[PDB]
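Order of listing sets the numbers, starting from 1, for every ligand and every atom in it. Letters A, B, ... mirror the listed sequences (proteins, then strands); counts begin at 1.
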2 protein chains.
Amino acid sequence: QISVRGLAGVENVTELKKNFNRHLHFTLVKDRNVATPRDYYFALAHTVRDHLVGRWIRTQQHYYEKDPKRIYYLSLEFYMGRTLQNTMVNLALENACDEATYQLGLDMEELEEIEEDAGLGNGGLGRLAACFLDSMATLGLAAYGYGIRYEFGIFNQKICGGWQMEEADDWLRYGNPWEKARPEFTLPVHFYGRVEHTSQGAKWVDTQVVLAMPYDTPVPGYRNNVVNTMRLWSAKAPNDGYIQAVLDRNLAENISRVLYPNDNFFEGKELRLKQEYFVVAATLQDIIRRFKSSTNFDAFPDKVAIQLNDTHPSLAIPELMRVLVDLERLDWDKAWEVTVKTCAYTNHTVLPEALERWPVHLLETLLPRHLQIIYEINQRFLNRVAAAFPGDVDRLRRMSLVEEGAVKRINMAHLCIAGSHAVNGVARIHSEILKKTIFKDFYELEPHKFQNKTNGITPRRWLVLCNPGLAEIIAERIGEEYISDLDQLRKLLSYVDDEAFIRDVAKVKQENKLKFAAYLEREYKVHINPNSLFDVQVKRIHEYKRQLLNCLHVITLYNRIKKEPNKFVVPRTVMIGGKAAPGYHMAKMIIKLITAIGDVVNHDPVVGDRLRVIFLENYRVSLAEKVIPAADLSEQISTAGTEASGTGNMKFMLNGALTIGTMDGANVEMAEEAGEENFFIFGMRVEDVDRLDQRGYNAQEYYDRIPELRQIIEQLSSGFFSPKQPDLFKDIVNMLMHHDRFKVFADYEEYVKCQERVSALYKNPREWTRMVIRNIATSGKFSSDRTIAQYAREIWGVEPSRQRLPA
Amino acid sequence: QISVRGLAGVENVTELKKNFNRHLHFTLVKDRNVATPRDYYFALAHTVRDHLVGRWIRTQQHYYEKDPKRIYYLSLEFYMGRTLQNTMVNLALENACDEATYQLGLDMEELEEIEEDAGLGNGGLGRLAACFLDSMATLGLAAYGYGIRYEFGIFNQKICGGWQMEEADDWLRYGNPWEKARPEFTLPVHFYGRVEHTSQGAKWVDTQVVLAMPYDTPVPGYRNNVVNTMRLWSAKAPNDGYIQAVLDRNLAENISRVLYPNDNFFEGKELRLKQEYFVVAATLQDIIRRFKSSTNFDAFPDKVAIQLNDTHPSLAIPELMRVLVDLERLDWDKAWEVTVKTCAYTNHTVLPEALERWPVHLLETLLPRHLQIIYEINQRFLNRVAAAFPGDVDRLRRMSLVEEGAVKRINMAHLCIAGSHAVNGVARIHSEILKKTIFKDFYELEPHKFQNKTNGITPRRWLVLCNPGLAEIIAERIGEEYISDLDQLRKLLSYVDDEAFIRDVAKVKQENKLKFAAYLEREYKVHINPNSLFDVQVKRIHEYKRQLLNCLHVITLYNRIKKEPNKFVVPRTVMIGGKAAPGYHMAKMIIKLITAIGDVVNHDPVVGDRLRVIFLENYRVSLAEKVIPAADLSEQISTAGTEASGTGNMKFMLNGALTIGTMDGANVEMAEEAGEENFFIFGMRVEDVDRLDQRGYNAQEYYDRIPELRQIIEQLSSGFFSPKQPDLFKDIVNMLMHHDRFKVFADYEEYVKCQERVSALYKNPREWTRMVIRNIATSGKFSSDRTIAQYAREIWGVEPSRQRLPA
Ligand SMILES: O=c1c2ccccc2[nH]c2ccc(Nc3ccn([C@@H]4O[C@H](CO)[C@@H](O)[C@H](O)[C@H]4O)c(=O)n3)cc12
Ligand SMILES: O=c1c2ccccc2[nH]c2ccc(Nc3ccn([C@@H]4O[C@H](CO)[C@@H](O)[C@H](O)[C@H]4O)c(=O)n3)cc12
Ligand SMILES: *Cc1c(COP(=O)(O)O)cnc(C)c1O
Ligand SMILES: *Cc1c(COP(=O)(O)O)cnc(C)c1O
C-alpha cells in the first residue's frame with residue numbers, strides 16, 4: 001500500500017501464506033472452521049517469528065567468532081509493549097504480511113490489536129530501556145538487555161465511579177510466542193546465610209538457594225539483519241509435611257511474580273531488594289561465564305561494559321567485587337580497578353523521594369557479605385576524600401555511603417558514583433543540576449566522571465509504526481534514509497512554504513484524529529468533536545507533573561464560557577491519562593478530580609461541544625501509539641527542575657503536535673532545536689523556583705491576587721464538582737493552599753495566558769501547520785540512535801555501525 | 001531392524017530428517033554445534049507430534065459429525081509414563097525414526113531416556129486409567145479422559161543411608177511437547193458461599209471462583225488413525241495491599257499444584273476435596289456444553305456415559321443433580337433418572353482405610369448446596385430401602401450415606417452405588433467379595449447393578465514397547481494380529497515342544513537380563529550375576545502386599561547358606577522396589593529393613609554371588625518397562641482377599657516370568673487361564689483367612705512351632721541387621737508378633753516350601769521355559785482391550801470397532 005512498509009513480492013506472499021497455514025494446523029492444532037481471531041494472531045506471530053531465528057542464531061554466532069566488547073544493560077524494567085508490528089517493520093515484512101493476510105480473508109490490523117502489551121515497566125525509565133535496546137540493535141552493538149520476567153506486569157487500570165481500580169495484568173495467559181525458555185542455562189542465586197573467615201579468605205555459607213531460569217527474547221535491528229537478545233530471569237525453587245513443602249515453593253518463586261508499580265518513588269520493601277539482587281547475581285554469573293569462553297581479568301573491562309539503569313541494579317558493584325575477591329581470589333585493589341572500569345551509572349531523577357536508601361539491618365540479614373564489602377568500599381572511598389579535602393569533616397558525612405540517624409541506611413546512589421567510571425544525567429539541565437546540587441561533592445572530587453546523555457526515542461516505534469501516514473509523506477520528499485538517520489528531517493525546512501506539503505501534513509493529522517475519535521466510540525462509548533483542538537497530557541499521575549495545573553486551566557475555560565456563553569472560543573478536547581501507584585492517595589484523588597470535572601463539563605448544555613474533558617483509561621504503550629499521532633497540543637508542564645528529561649515530549653514533537661511547556665528537562669533542548677518562537681514556553685525557570693524557595697512559597701498570595709483562581713478554589717471547596725459529597729476534594733485544596741511542593745499557583749497566570757496564544761494560533765490552520773513543520777524538522781536530535789551512539793563512544797568505548805549482516 | 005517396529009520407507013525417512021532439522025532450528029532455536037542430547041530429544045518429539053495432529057483434528061471432527069455416544073472417564077490420576085515411544089509404536093513410526101536418527105548420527109534409545117515420566121499417579125489405579133485410555137482409542141470409542149494437570153507428580157524417591165527421601169518431581173521444567181494449552185476453553189469453578197431459597201428455587205451465591213484451564217493431550221489408538229483426547233484441568237485465579245493480593249493468587253492455584261502421594265489409603269484433607277470438586281465441576285460443564293451442541297435431557301444418557309474411577313470423582317453425582325435441578329430447572333425425579341443412567345462406579349479395594357468418608361462440616365463449609373443434595377438423595381434412597389425391607393432398622397443405618405458418631409461423615413461409596421446404574425469390581429474374586437461383604441445390603445436391594453470387569457493391561461506398552469525381542473519371536477510364528485487381539489497368543493501352545501521356539505524364548509529372557517544387569521551398573525554402580533534367578537517384587541510398599549513375607553524368605557535363604565555353606569543352592573538376585581507414602585511410618589521402616597538385609601547379605605564372603613538383595617530405587621512406569629522384561633519370578637504375595645486385582649501380575653505373565661502367588665485378586669483368574677500346574681500357588685485362601693479371624697490370629701503360635709522363623713525374629717530383635725542401632729526394627733517385630741492384620745507368619749511355611757519348588761524347576765531350563773510358554777500363551781484374557789470391550793457392551797452401551805479412520 002505505502003512504500004515505507006516495504007515490498008509485497010509474489011514469492012514472499014506465497015511463502016507467508018503457506019507458513020501461516022502450517023502454524024495454524026501444526027502449532028495451534030486448529031482448522032479454519034473453528035479458529036478465532038486470537039488463533040489467527042498467533043499463527044501470524046509464529047510465522048513472523050520464524051523469520052527472526054536465522055538472523056538471531058547468526059548474530060550470536062557472529063559475536064562468538066569476532067568477540068567484540070559486550071554491552072550489558074541492566075534494568076529492573078523493560079516496557080516493551082507489543083512486538084508483532086515492530087518485528088515486521090524492522091524486517092521489512094509489513095506490506096507482505098498485509099497482502100498475505102488479506103488474501104486469506106483477514107484484516108492484519110485487527111489481528112495486531114489482539115496482542116497483549118509486554119508491560120514490564122511503569123513509565124519513562126522502563127520505556128527508555130526498550131527504546132535503547134532497539135537502537136543498540138540498529139547500531140550493530142553486541143548488546144544484551146538483562147532484567148526480570150515478571151509474571152504480572154503493570155496493572156490494568158479500570159475507572160469505576162471516577163476512581164482508579166487495579167486489575168492484575170495476566171499477560172502470559174495465552175502464551176508469549178516471542179520468548180524462548182532456556183532452562184538448560186539456569187543458575188543459582190544465594191540469599192541470607194552468614195560470613196565465615198578462613199586462612200584463604202571470606203566464605204558465604206548456609207545460604208538459601210533460588211534458581212534463576214532465563215527466557216530469551218529477540219531484539220531485531222532496523223533492516224540490518226542484527227538480532228540481539230533480551231534475557232529475563234524467572235525465579236524457580238530447587239527440587240530439594242511433604243505436601244506443605246511442595247506448596248511452599250511459592251515463597252522462592254514470588255521473587256519474579258510481580259512488578260512493583262511505583263513510578264519515580266522509592267519504597268524499601270524486602271521483596272524488592274530480593275528482586276534487585278536476583279537480577280544482579282544471575283546476570284553477573286552469565287557475564288563472567290561468557291567472558292571465560294573468549295585467569296586474566298585485566299582484560300575484563302576491555303570485553304565488558306555494565307550499564308546500570310538507575311540504582312536498582314547497584315548491587316552489581318559489590319557483587320562483582322565479591323566474585324572477583326572471594327571466588328577468583330584477586331586482590332582488592334585489582335578487583336576495584338576492574339569494577340570501576342566496567343560499571344557506569346545513569347541517574348534519572350533528583351527527586352529525594354525516588355532515591356534508593358536501604359536500611360542496613362535488611363542488608364545485614366539478606367546479604368551479609370555484600371554489606372561487609374560496602375563498608376570496605378566506603379572506608380577506602382572516604383580515605384580518598386579525606387586526603388583531597390583535609391579537615392573537611394562535614395564533607396565526609398555528606399559523601400559517606402552510610403547514612404547515620406535513627407536507622408542507618410546505605411545510599412545506593414553514592415555507591416554507584418564511587419564504583420563507576422562514568423555517571424550521566426539524561427538531559428543537559430538535569431546533568432547540570434546533578435553537578436550543582438545533589439552530587440556536587442562527588443563532582444568536586446572526580447569531575448571527569450560526570451557526563452550528559454540527553455534521552456531519545458526510537459523513530460521506528462514512534463513514527464514509522466504508529467504514524468505510517470506521516471512517515472510516508474516525509475519519505476515522498478526526502479526518501480527513507482531518515483528512519484535510521486533522523487537528523488535528515490532537517491531537509492523538511494525546505495518545504496515550510498510548500499503548499500502541497502502543508503496540506504499533506506494537515507491531512508495526516510486530521511486522519512489520525514478521525515481514527516482516534518472513532519476508536520474512543522468503539523471501545524469506550526464516548527463521542528468527541530474531531531475538529532476541536534486535541535489537548536493531551538499523558539504520563540504517570542504525579543504531583544510534580546502537575547496534572548492539577550492542567551485541571552485549573554480546564555476549569556478556567558469552563559468558567560469563562562459560563563460567563564460569556566455566546567462568545568466564540570476555539571473548541572478543545574482535553575484528554576488526560578495515566579496510572580497512579582496503588583498507594584499514592586493524592587494521585588488517586590487527582591484522577592477522581594479529572595473525571596469529576598468531566599462529569600460537569602461534558603453534560604452542561606451551554607458548553608455544547610466547545611469543551612470536552614476525557615480521562616483516557618489504562619494508558620500504556622499501545623494506547624500511546626494511538627493517541628500521540630492524534631494530538632495537536634502536548635502538555636509538558638512539570639515544575640522547572642523536577643522532570644529529569646521526559647520522553648513523551650519527544651514522541652509528540654515527532655508526530656506533529658506543538659508543545660506547551662516549562663523550561664524543564666529535555667523541553668529546554670527541544671525549544672533550542674526548534675527555536676523558542678516555535679514552542680509555547682511559560683512559567684518559572686529553575687532560577688525562579690530557587691528564588692521563591694528562598695523567600696518562602698506562600699500560595700495564599702496568589703489566591704488573594706487572582707480572582708479567577710479564587711473562584712476555582714471556592715468551587716472545589718464548596719462541592720461544585722461533588723454535589724452529593726461536598727468536601728470530597730478538601731485534601732487537594734488543603735495541599736494547594738498550604739503544602740504544595742510544586743508551586744501550582746505560581747505558574748497559573750502565565751500558563752493561562754500562554755494557552756490563549758495556543759488558541760489564537762490554532763485559529764490560523766496554515767500558520768499552525770507551518771510551526772508544526774518546524775518542530776518535526778528539528779526533532780532529529782531526539783532519536784535514541786543519537787543517544788546510544790554517544791553512550792557507545794563516550795562511555796562504553798565501542799564504535800557503532802550501520803553495516804548489514806548477511807541474511 | 002525388526003518387523004513389528006514397522007517400515008523404514010525411503011521417502012518417510014527423508015521427510016523425518018528434514019522435519020527434525022526444521023524443529024531444531026525454528027522450534028528450539030539451536031544449531032547442531034551447540035545442541036545437547038535433550039535438544040535432540042525435543043526435536044524428535046516435535047517431529048513425531050506433527051504426525052499426530054492431522055489424525056487428532058480429523059478424529060474430533062469425525063465425532064462432531066457422527067455424534068456417537070461419548071464416554072467420559074473421570075480420574076484423579078493418569079499414570080502415563082513416557083509418550084515418545086508409545087506414540088511411534090501406535091503410528092508405526094519406530095523403525096523409520098530409528099533410521100532417520102541413525103542417519104543424523106544419533107542413537108534413538110539414548111534420546112528416549114531423556115523424556116520425563118508423566119507421573120500423574122501413584123500406582124495401580126492411576127496406571128489402569130492410562131491403559132484404559134490406550135484401549136479405548138484402539139477400539140475406536142469416542143472417549144475422553146478427564147483429570148487434573150498436577151504441576152508436581154509422584155515424588156522422586158532417593159535412598160539415603162537406606163532410608164527413603166522425597167524430592168519434588170518437577171516434570172514440566174523443560175516443557176511438555178505433548179500437551180496443548182486451551183486457555184480459550186477456561187471455565188469457572190465455585191467454592192464456599194451459601195444457599196438461598198426463592199420462588200424459583202435454590203441458588204448458590206457469594207462463592208469464591210477458581211478458573212479451570214484445560215490442557216489437551218493426544219491419545220493415539222494402535223494403527224487405526226484414531227486420536228482421542230485426555231483433558232487435564234489447571235487451576236488459575238481470576239484477574240480481579242496490591243502486591244499481597246497478586247501474591248495471594250497462589251492460594252487458588254494450589255489446587256492443581258501437587259498429586260497427593262497416597263496409595264490405597266484415605267486422608268480427609270480439605271485441599272484434596274477441592275481437587276475432587278475442581279475436576280468434577282469443570283468436567284461436567286464441558287460435558288453439558290458438548291451435549292448442547294449436538295432443552296431435552298431425556299436423551300442425555302443416550303449420548304453420555306460417565307465412568308467414576310473409584311469414589312474420587314463421586315461429587316459428579318450431586319453436581320449433575322445440582323446443574324439439572326438448580327440451573328436447567330428439571331424436576332428432581334427426572335434429573336435423578338438421567339443421573340443414574342449416566343453414571344457408573346468402579347470400586348478398586350475393600351480395605352476399610354481406603355474408603356472415602358468426608359466429614360459433614362467440611363462439605364457444609366466448602367460445598368453447602370451439594371450437602372443439601374446429598375441429604376435429599378439419602379432420604380429418598382432410605383425410603384426405598386424401608387419399603388423393600390420393612391422394619392429392618394439396622395439395615396437403614398448400615399445403608400445410609402450419612403454415618404453417625406462423634407463426627408458425622410458422608411460415605412462416598414454409598415453415594416456412588418445409589419447414584420449409578422452399574423457398580424463393578426476389578427477381578428472375579430473381588431466382585432464376589434463386594435456382594436458378600438461390604439456392599440451386601442446394596443446387592444440385596446439392587447442385584448442388577450453389580451458386575452465384574454476383570455482388569456487388564458495394554459499389550460502395546462507392556463509387550464511391544466518394553467519387550468520388542470519377545471514381540472518379534474512371537475510375530476515370526478503367528479504374525480502381528482495378536483497385538484490388537486491378544487487371545488491369538490493361544491496359538492503359541494502349538495510350539496511348547498518346538499525346540500527352536502524354546503531356545504528363542506530363553507534367549508530373549510537372557511538378553512533382557514543382561515541389558516538390565518548393565519543398566520544397574522551404569523546408573524546405580526551395582527553389580528549382579530546375570531545367570532541367577534531374577535526374583536522381583538515391584539509395587540507400592542504396603543503391609544497388605546507383604547514385602548515383609550518376601551524379606552523373611554530372603555533371611556531364611558541367607559541363614560540356610562550360613563548353616564551349610566558348601567551345599568549348592570540355585571543363585572538368586574532378589575529385587576524389591578516401590579515407593580512408600582511420605583507419612584506411612586511402617587512402610588518406610590520396611591524399606592530400611594530391605595536395604596539393611598542387603599548390607600549384610602551382599603557383603604558376606606561366604607554367600608558369594610549365590611544371593612544378592614537389591615532395593616530398586618524410584619520405581620515408576622519407565623523402570624517397570626525395564627525390570628519386568630528381565631524378571632524370572634513375579635512375587636504376587638498379598639494376603640488372600642486384600643489385593644482387589646493387581647495389574648503388575650499381568651505385566652509379568654505377558655513378559656515370560658513365572659508367578660509365585662496367593663489366590664488373591666486376578667492371580668486366581670491367571671492360574672485358571674494357564675492351569676494351576678503352571679503357577680506357583682501357596683498359602684491361605686480367603687476362606688482360610690476368615691476361619692483364622694474367627695478363632696483369633698495368634699502369631700506367637702507360629703513363632704513357637706517354627707525354629708527357622710524364631711531365629712529370624714531373634715536376629716531382628718537383637719540387632720543382627722542393625723549393629724550400631726540394635727533396637728531399630730523393634731516396631732516391625734512388635735507388629736509381626738502382636739498386631740499383624742495381614743497374617744505374615746501364617747503363610748510363611750507354605751511360602752518357603754513353594755519357593756523351594758521354584759528353585760527346583762529353575763535347575764531344569766527346558767522345563768522352566770516350557771512352563772513360561774504356557775503362561776505367555778494364556779495371557780490373552782488380560783488385555784485391557786478385552787476389559788474395555790466388556791465395559792463398552794455391558795455398562796456404556798456402545799460397540800467397539802477395529803476399523804481404521806482414513807489418514
Ligand atoms: O524507587 C523505585 C522503586 C522502589 C521500590 C519498588 C519499585 C520501584 N520502582 C521504581 C521505578 C522508577 C523509579 N525511578 C524513576 C526515575 C526516573 N524516571 C524517569 O526516567 C525517564 C528516563 O530517563 C525520564 O525521562 C523522566 O524524566 C524520569 O522521571 C522514572 O520513570 N522512574 C524508581 C523506583
Ligand atoms: O483415598 C485416597 C486418597 C485420599 C487422599 C489423597 C489422595 C488419595 N489417593 C488415593 C489413591 C488411590 C486410592 N485407592 C486405590 C484403590 C485401589 N488401588 C488398586 O487399584 C488397581 C486397579 O484396579 C488394582 O489392580 C489394585 O488391586 C488396587 O489395590 C489403588 O491403586 N488405589 C485411594 C486414595
Ligand atoms: C513515553 C512513555 C512514558 C513517559 O512519558 P513522560 O511524559 O516522559 O513521563 C510513560 N508511559 C508510556 C506508556 C510511554 O510510552
Ligand atoms: C502396574 C504398575 C503398578 C501396579 O502394580 P501392582 O503390583 O498391581 O500393585 C504400580 N506402579 C507402576 C509404576 C506400574 O507400572
### Query
Which atom names give the shortest non-hydrogen contact between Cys466(A) and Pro629(A), and what distance separates them?
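Residues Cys466(A) and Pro629(A), closest heavy atoms: O-CG, 3.5 Å.
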### Message
For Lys626(B) versus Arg82(B), what's the shortest heavy-atom pair and its separation?
### Response
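Closest approach of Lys626(B) to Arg82(B), heavy atoms only: NZ-NH1, 3.7 Å.
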With no hydrogens and no angle check, just 3.5 Å: does a side-chain donor-acceptor pair link [X] and [Y]?
X	Y	value
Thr659(B)	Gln636(B)	no
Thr647(B)	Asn455(B)	no
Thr349(B)	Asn347(B)	no
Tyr619(A)	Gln157(A)	no
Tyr73(B)	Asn309(B)	yes
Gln307(B)	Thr346(B)	yes
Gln537(A)	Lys539(A)	no
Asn122(B)	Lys579(B)	no
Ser75(B)	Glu77(B)	no

### Query
With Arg461(A), which residues qualify under side-chain hydrogen bond (donor to acceptor under 3.5 Å, both in side chains), at least two apart?
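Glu625(A).
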Can you tell me the protein heavy atom closest to [atom] and the distance?
atom	value
atom 3 (C) of ligand 2	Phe265(B) O, 3.3 Å
atom 5 (C) of ligand 2	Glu267(B) O, 3.5 Å
atom 27 (O) of ligand 2	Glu643(B) OE2, 2.7 Å
atom 33 (C) of ligand 2	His312(B) NE2, 3.5 Å
atom 31 (O) of ligand 2	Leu125(B) N, 3.2 Å
atom 10 (C) of ligand 2	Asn262(B) O, 3.4 Å
atom 18 (N) of ligand 2	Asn264(B) ND2, 3.6 Å

### Test item, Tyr544(B) contacting ligand 2 (heavy atom, 4.0 angstrom)
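Yes, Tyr544(B) has a heavy atom closer than 4.0 Å to ligand 2.
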Between [X] and ligand 2, find which residue part has any heavy-atom pair under 4.0 Å and reply side chain, backbone, both or neither.
X	result
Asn455(B)	side chain
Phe132(B)	neither
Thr346(B)	neither
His348(B)	both
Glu77(B)	side chain

### Query
When only distance counts, is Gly123(B) in polar contact with ligand 2, meaning an N/O pair under 3.5 Å?
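In this structure, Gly123(B) places no N or O atom under 3.5 Å from an N or O of ligand 2.
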#### Entry: Check: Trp462(B) ring centroid to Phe782(B) ring centroid under 6.0 Å
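No - the distance between ring centres of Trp462(B) and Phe782(B) does not fall below the 6.0 Å cut-off.
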### Task
Check each protein residue for a heavy atom under 4.0 Å from ligand 4 and list those that pass, ordered by chain and number.
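Those residues closer than 4.0 Å to ligand 4 by some heavy atom are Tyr79(B), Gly123(B), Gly124(B), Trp462(B), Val538(B), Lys539(B), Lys545(B), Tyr619(B), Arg620(B), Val621(B), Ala624(B), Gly646(B), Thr647(B), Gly648(B), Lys651(B).
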#### Entry: For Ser645(B), the ligand 2 atoms whose distance to one of its heavy atoms is below 4.0 Å
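Answer, ordered by atom number: 25 (O), 27 (O).
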### Query
Considering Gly648(B), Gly646(B), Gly121(B), which one's heavy-atom position lies nearest to atom 25 (O) of ligand 2?
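Among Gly648(B), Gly646(B), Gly121(B), the closest heavy atom to atom 25 (O) of ligand 2 belongs to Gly646(B).
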### Task
Given side chain to side chain donor-acceptor pair (under 3.5 Å), test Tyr584(A) with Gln164(A) step by step and report yes or no.
CA-CA 11 Å; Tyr584(A) 193 171; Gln164(A) 162 173 305; over 6 Å; no
